[PDB]
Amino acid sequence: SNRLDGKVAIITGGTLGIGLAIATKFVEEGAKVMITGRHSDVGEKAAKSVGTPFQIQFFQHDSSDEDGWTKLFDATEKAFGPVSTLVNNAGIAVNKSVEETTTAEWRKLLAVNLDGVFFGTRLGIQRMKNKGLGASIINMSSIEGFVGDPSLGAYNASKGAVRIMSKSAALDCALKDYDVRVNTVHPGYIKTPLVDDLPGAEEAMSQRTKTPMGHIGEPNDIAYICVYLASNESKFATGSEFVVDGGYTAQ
């Protein structure tokens, strides 16, 4: 308990599923949290469901929106004081092979999944370096950052990019003594309402040729590894990849 004492976290895509579980456990461990999402309806309800505005607030933002990133860091500092912790969790999927990806689909997915993580990482380093915060940037980088999927071409590109860009940022922050760590988290298949809304999706993901455990994960599985990485417990972990996938990548 109090594993995130004094921390101030931004969690992009924090209004549902994995992001909301990360936000929930972060508040339970003593962090102040600003969650982001595209929809005020979802986001204001989500913040209130977790805690008071002294614990957690919502900021409406598309991660692809560069100017919005400045507003987001300014709003979080105004509410909670200097930001110590950034979880770049916002992402979209296109269910196309490379061959069948349109240029419009390619640009839209990279704008959220890659540009957004770049904008957040770049700004996070500038705003959180050299303040003795034990600062931590956690980039969501998928099992699709390790292995290909024939029907997730653009998503694979974005997650590979996040995986190695995060190492670059980890190294620069370490070498310059910035007191900022950067790591990637790689979820396998996770049961969310969105999976539950697609008939047969969980059953397909639970086949042993996909997930050896024969079931898929829950959002708290990703929340717990994020608490470790945001905490000072992980002060020697930087430039690392943390996989939580039911054995998906082990075979």
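The first residue of the shown sequence is 1; numbering continues from there.
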{"query": "Mean Cα B-factor comparison, 194-202 or 211-219, giving the higher one as deposited", "finding": "194-202"}
{"query": "Residue range whose averaged C-alpha B-factor is higher in the record, 150-158 or 75-83", "finding": "75-83"}
{"query": "Selection from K131, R122, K167, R181 [criterion: highest C-alpha temperature factor in the record]", "finding": "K131"}
{"query": "Third assignment of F26 from its chain's C-alpha B-factors", "finding": "lowest"}
{"query": "Lowest, middle or highest third - CA B-factor, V33", "finding": "middle"}
{"query": "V227 by Cα B-factor - lowest, middle or highest third of the modelled chain", "finding": "lowest"}
{"query": "Third of the chain, ranked by Cα B-factor, where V42 sits", "finding": "highest"}
{"query": "Record-listed C-alpha B factor of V98: chain third", "finding": "middle"}
